[PDB]
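Enquirer:
Protein chains: 2
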Amino acid sequence: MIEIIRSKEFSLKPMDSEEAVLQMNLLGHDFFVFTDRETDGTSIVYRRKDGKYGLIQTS
Amino acid sequence: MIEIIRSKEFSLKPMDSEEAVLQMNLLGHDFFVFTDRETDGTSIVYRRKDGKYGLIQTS
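In structure tokens:
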């Protein structure tokens, strides 16, 4: 029932969250994985239901 | 403007990607961020249109 297929991060170049949202929006996706320029860690922006954007910054 | 609201990772407990898929399905979301037991890094599983699951493993 579970088939997991790896894919790659769009870009490894660090970007800030506002540029990640722009990338997400150009793709038409509801989440986007990027390397965060703030932290050099992996961050994820995502579309909230209210049209704001969430940001998960991992260490 | 782009309004970005920080949110927390669901769990900091490391897990395998097949367990992240179970979490994602339990929560009814189309992506799920987790600490990957295989890598000790941040991974993201996501729902594909074709019923399979994608995995972005970062490190």
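Residue numbers (the authors' numbering), protein chains in the order written: chain B, 1 to 59; chain A, 1 to 59. For every residue, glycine included, the Cβ atom is placed at its ideal position computed from N, Cα and C.
(1) When the Cα atoms are used, what is the spatial distance from A/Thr42 to B/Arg6?
(2) Is the beta carbon of A/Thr35 closer than 9 Å to that of B/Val33?
(3) Whose C-beta lies closer than 6 Å to the C-beta of B/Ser17 among residues of the same chain, with five residues either side of it excluded?
(4) With DSSP collapsed to three states, give me the class of residue 92 of chain B.
(5) Out of B/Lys13, B/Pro14, B/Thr39 and B/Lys52, state which residue places its alpha-carbon closest to the alpha-carbon of B/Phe31.
(6) Is the Cβ of B/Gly28 closer than 9 Å to any Cβ of chain A?
(7) Give the single residue among B/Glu3, B/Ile4, B/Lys13 and B/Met1 whose Cα lies nearest to the Cα of B/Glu38.
Expert: Looking at the coordinates:
(1) Counting from one through the second sequence, the residue named residue 42 of chain A turns up at place 42. Counting from one through the first sequence, the residue named residue 6 of chain B turns up at place 6. Between A/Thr42 and B/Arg6, the C-alpha separation is close to 14 Å.
(2) Taking the first residue of the first sequence as position 1, residue 33 of chain B is located at position 33. Taking the first residue of the second sequence as position 1, residue 35 of chain A is located at position 35. Contact flag unset, no.
(3) Residue 17 of chain B sits at position 17 when you count from the first residue of the first sequence. Only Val45 and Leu55 meet the Cβ criterion.
(4) Outside the modelled stretch of chain B, which goes from 1 to 59, sits residue 92 of chain B, for which no answer is possible.
(5) Reading the first sequence from its first residue, position 31 is the one you call residue 31 of chain B. Checking every option, the nearest Cα to that of B/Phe31 belongs to B/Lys52.
(6) As a position in the first sequence, residue 28 of chain B is number 28, starting the count at 1. No, no contact with chain A.
(7) Counted from its first residue, the first sequence places residue 38 of chain B at position 38. Closest option to B/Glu38, Cα to Cα, is B/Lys13.
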